[PDB]
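One chain comes next, on its own, written out as structure tokens in the form solved without the ligand.
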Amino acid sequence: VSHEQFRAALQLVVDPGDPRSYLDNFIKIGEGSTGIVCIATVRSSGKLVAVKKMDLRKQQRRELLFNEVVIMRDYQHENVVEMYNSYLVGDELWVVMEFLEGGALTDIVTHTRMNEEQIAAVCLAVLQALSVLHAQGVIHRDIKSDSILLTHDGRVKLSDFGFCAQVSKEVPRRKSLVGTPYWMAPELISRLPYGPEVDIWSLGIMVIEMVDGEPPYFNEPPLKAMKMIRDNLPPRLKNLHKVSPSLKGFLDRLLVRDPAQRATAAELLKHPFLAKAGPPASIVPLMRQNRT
């Protein structure tokens, strides 16, 4: 449990050195559950990278910090943020990664309305990432708009893998209470063993974000909302009259209480709602630097 013991363990798996030897002008842009995110300038090129900083002493489960290393080493994809290097800097784990200059989807859903071409484009991109992760046994466990980042030209990428877990023939299900209350699958709140299906439920909640601006029960305390997710029928759109029958049918395959009956990522890639998906260009006008 010793802090210095965990520092030593992390040193054996990260890259050697200190990225301050090649980065300038750190500017904090976000705060997450495990640390902060900064932009930095590569001194040699003038290019911008992102740097995630996580204090080992502030982690509820320090061992989840290895998730950043496992994902960086073994899982790369068009719709997953690319991670370049990891370092131990003092008491902090620093991950130098791709900078997604378009910011997070949260800023869009809380400030503007997406049309279904844009919603389908986000869902297709997320589902392509999840289909590849799930096929290799990786569960993200924190799908929500805050975890979805954008490039300046509207490309959509999944980020924040600090909470993921792996399943396999020898470990078929996970049991840990991990996620963000309003987005958690009911079987996970019920403390039942769960699998990749919980990301599909969370994606459904994110679809409700994209239509309503906020997840269900967001006005309720997080523990109250979890009880309602667990005990009540699947949450409803507040604006059901504002979604096409195609979107509603899509959402109906995501927000299924029985995880055996929930659609998988591979199945959802074939759903007709995703035929509405626009190109990344259709997402560009939603971002702060472009909207009015």
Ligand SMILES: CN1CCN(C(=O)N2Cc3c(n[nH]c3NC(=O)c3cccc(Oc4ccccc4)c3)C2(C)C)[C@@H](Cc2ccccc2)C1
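One-based numbering along the sequence shown. Here the rigid core means the biggest group of C-alpha atoms that line up within 1.5 Å when the two forms are laid on top of each other.
Not pictured, yet referred to below: the form solved in complex with the ligand.
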statement: Residue within 4.5 Å of the ligand in the bound PDB entry by heavy atom, from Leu237, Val42, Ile36, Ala266, is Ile36
message: I need to confirm a contact call. Of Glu98, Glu117, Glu78, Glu214, which residue comes within 4.5 Å of the ligand in the bound PDB entry, counting heavy atoms only?
response: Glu98
Location of the ligand contact in the bound PDB entry, chosen stretch of 240-248, 48-56, 223-231, 258-266 [non-hydrogen atom, 4.5 Å]: 48-56
task: Mark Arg288 yes when one of its heavy atoms lies within 4.5 Å of a heavy atom of the ligand in the bound PDB entry, and no otherwise.
output: yes
- request: Using a 4.5 Å heavy atom cut-off, state whether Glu63 contacts the ligand in the bound PDB entry.
  value: no
message: Considering non-hydrogen atoms and a 4.5 Å limit, does the ligand approach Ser159 in the bound PDB entry?
response: yes
- prompt: Should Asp146 be counted as a contact of the ligand in the bound PDB entry, where contact means heavy atoms within 4.5 Å?
  reply: yes
- request: Please state whether all three residues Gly17, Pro19 and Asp91 have a non-hydrogen atom within 4.5 angstroms of the ligand in the bound PDB entry.
  value: no
Rigid-core-referenced C-alpha movement of 2 Å or more between this form and the one not shown, selected from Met72, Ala120, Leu88, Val138: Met72
- prompt: So with the core overlaid, does the Cα of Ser44 end up 2 Å or more away between this form and the one not shown?
  reply: yes
